[PDB]
Amino acid sequence: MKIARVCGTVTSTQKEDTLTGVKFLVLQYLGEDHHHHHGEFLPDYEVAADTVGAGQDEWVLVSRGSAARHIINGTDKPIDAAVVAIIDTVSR
Amino acid sequence: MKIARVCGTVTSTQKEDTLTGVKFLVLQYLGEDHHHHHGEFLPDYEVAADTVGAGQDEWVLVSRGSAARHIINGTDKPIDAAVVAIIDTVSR
Amino acid sequence: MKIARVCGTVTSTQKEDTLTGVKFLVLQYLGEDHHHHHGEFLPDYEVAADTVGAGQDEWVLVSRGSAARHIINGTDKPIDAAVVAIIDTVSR
Amino acid sequence: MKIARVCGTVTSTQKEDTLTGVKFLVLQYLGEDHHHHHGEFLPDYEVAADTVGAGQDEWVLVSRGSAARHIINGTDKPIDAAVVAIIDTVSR
Amino acid sequence: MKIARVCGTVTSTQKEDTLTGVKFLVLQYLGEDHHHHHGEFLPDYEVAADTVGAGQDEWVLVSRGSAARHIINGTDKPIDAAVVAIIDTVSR
Numbered sequence: 001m002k003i004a005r006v007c008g009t010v011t012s013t014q015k016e017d018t019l020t021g022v023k024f025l026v027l028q029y030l031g032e033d034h035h036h037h038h039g040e041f042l043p044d045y046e047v048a049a050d051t052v053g054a055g056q057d058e059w060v061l062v063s064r065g066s067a068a069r070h071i072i073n074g075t076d077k078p079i080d081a082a083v084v085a086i087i088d089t090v091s092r
Numbered sequence: 001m002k003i004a005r006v007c008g009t010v011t012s013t014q015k016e017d018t019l020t021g022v023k024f025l026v027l028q029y030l031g032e033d034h035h036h037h038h039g040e041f042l043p044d045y046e047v048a049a050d051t052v053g054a055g056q057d058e059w060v061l062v063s064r065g066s067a068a069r070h071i072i073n074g075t076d077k078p079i080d081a082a083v084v085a086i087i088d089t090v091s092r
Numbered sequence: 001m002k003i004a005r006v007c008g009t010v011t012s013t014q015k016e017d018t019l020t021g022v023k024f025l026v027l028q029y030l031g032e033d034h035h036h037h038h039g040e041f042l043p044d045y046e047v048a049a050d051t052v053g054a055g056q057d058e059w060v061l062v063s064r065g066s067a068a069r070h071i072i073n074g075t076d077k078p079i080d081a082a083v084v085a086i087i088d089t090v091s092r
Numbered sequence: 001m002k003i004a005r006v007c008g009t010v011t012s013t014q015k016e017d018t019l020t021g022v023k024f025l026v027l028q029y030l031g032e033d034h035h036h037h038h039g040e041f042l043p044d045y046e047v048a049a050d051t052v053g054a055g056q057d058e059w060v061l062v063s064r065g066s067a068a069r070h071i072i073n074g075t076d077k078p079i080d081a082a083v084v085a086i087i088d089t090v091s092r
Numbered sequence: 001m002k003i004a005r006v007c008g009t010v011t012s013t014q015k016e017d018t019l020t021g022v023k024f025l026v027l028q029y030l031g032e033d034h035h036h037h038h039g040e041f042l043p044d045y046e047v048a049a050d051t052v053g054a055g056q057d058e059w060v061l062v063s064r065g066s067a068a069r070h071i072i073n074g075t076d077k078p079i080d081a082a083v084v085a086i087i088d089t090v091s092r
């Protein structure tokens, strides 16, 4: 889906060369439970790397298009999910 | 499926650089309910960007081929659904 | 699947620029019912464009490889199903 | 899956231009039944084209990577399953 | 999923030309059973090739992006799963 939840994630400098230059973040399809409780997840199957964007914790646009990473990385090579754009709307 | 329902969508100028130049629209596989009632949806997992086409509200052809965005965008880079063509037939 | 049923389809000149040059046809995974009755379908989710081939109505080979459209279209750009080859065998 | 069963298949010279040069073979995910009986299948949805390899009838490695067909075909264009490599191990 | 279990695998020199240069390894989505017992699997549908990385036996990052194999292979051609990066964290 276009809308997805992005969680913070940082670790010792370690990532693919092509992935280098992009911050590693954790993405989760599931979000708030019944519009209530933030909820917590342990599994990190879905991984996304992109710059810091406001409202990323709640909801943000995501895509697998290489174009998203092309602007930051370019030369084309890396394949993964990235934050092409962000939404001003935020949960309250 | 080739046939899909396209809904209007506009917001503050905010989109990927490669996506720039293409109008952001919302796509929904589900349409009229039992050939009755237009119906309404809240989820926007499926996102499509393309020019304005007649009959888009009812039914329109859609594809993920980069060729569709190549004509408008070109240089190849952006990946997503777009309206390659439209059908003259409309619901009545 | 490699084998698929192709149905005829023609309408007012309207198709993507990259799709231009290829005849628009309707493809359906489902075919004869229990080796009996031709059957009829209304939905056209699966869309395929290619030249006219014998035995297409019954069964014909299909693929999404851009190579198929490359020979007819070339320059690479359009993405969809096309009739790479046809089978001499036909239902009787 | 990497491991798949390859069956023999030959017909009148008829195949896509890009597919030309590669022998047409039939691939089937299902193999021996409960390590017993070879079994037989009629459906040929999964189609694979590659050179003749020993142990292909029993089990052989398969991939959709264009690199496999690149070595034989090259120039990149055709997309399908091919025998990148074969295993010396055979059923007995 | 980003996290996957990698198992050792070595055999007589036999692999696709494009795959040449990369060690052949076996990947399995399933790992420890209920955080207990290492467990054992016979099926090898998921195949991954990459260099030797610490913690690969337990958990390691994996991706299908050609960029991963591009650094090792380059020229682009081979398509498969590879270890883009490894995690220092290990089961204990």
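Read top to bottom, the protein sequences are chains E, C, A, D and B. PDB author numbering numbers the first residue of the first sequence as 1 and each following residue consecutively. PDB author numbering numbers the first residue of the second sequence as 1 and each following residue consecutively. PDB author numbering numbers the first residue of the third sequence as 1 and each following residue consecutively. PDB author numbering numbers the first residue of the fourth sequence as 1 and each following residue consecutively. PDB author numbering numbers the first residue of the fifth sequence as 1 and each following residue consecutively. Beta carbons are placed, not taken as given, at the ideal position from N, Cα and C, and that holds for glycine.
Kindly say whether residue i, judged by its beta-carbon, lies nearer than 8 angstroms to any beta-carbon of chain E.
i                     : result
residue 15 of chain C : yes
residue 31 of chain B : no
residue 64 of chain B : yes
residue 88 of chain C : no
residue 68 of chain B : yes
residue 91 of chain C : no
On the DSSP bridge list, what partners appear for residue i?
i                     : result
residue 36 of chain B : B:33
residue 60 of chain C : C:4
residue 27 of chain C : C:6
residue 90 of chain A : Residue 90 of chain A is not bridged to any residue.
residue 82 of chain E : E:63
residue 49 of chain A : A:24
Do we get a CB-CB distance below 8 angstroms when we pair residue i with the residues of chain D?
i                     : result
residue 61 of chain B : no
residue 77 of chain A : no
Using a Cβ-Cβ cut-off of 8 angstroms, state whether residue i counts as contacting chain B.
i                     : result
residue 84 of chain D : yes
residue 18 of chain E : yes
State buried or exposed for residue i, treating a residue as buried only when at least 16 other CB atoms are found within 10 Å of its CB.
i                     : result
residue 6 of chain D  : buried
residue 52 of chain B : exposed
residue 65 of chain E : buried
residue 54 of chain C : exposed
residue 69 of chain B : buried
residue 20 of chain C : exposed
residue 75 of chain A : exposed
residue 79 of chain E : buried
residue 60 of chain C : buried
residue 18 of chain C : buried
residue 90 of chain A : exposed
Please report whether the beta-carbon of residue i lies at a distance below 8 angstroms from any beta-carbon of chain C.
i                     : result
residue 23 of chain E : no
Is there at least one non-hydrogen atom of the ligand FAD closer than 7 angstroms to the beta-carbon of residue i?
i                     : result
residue 63 of chain E : As for the ligand FAD, it is missing from this structure, which has no ligand bound.
Give, in chain order, every residue of the region 33 to 56 of chain B whose Cβ lies closer than 9 angstroms to some Cβ of chain H. Although the question refers to chain H, the structure presented lacks it and instead comprises the protein chains E, C, A, D and B.
With a cut-off of 8 angstroms, do at least 3 Cβ pairs link the region 42 to 52 of chain C to the region 77 to 85 of chain C? yes
Decide if the region 8 to 23 of chain D is in contact with the region 4 to 18 of chain A; the criterion is three or more beta carbon pairs, one per stretch, under 8 angstroms apart. no
Quick check: the region 23 to 42 of chain B against the region 29 to 47 of chain D, are there 3 or more CB pairs under 8 angstroms? no
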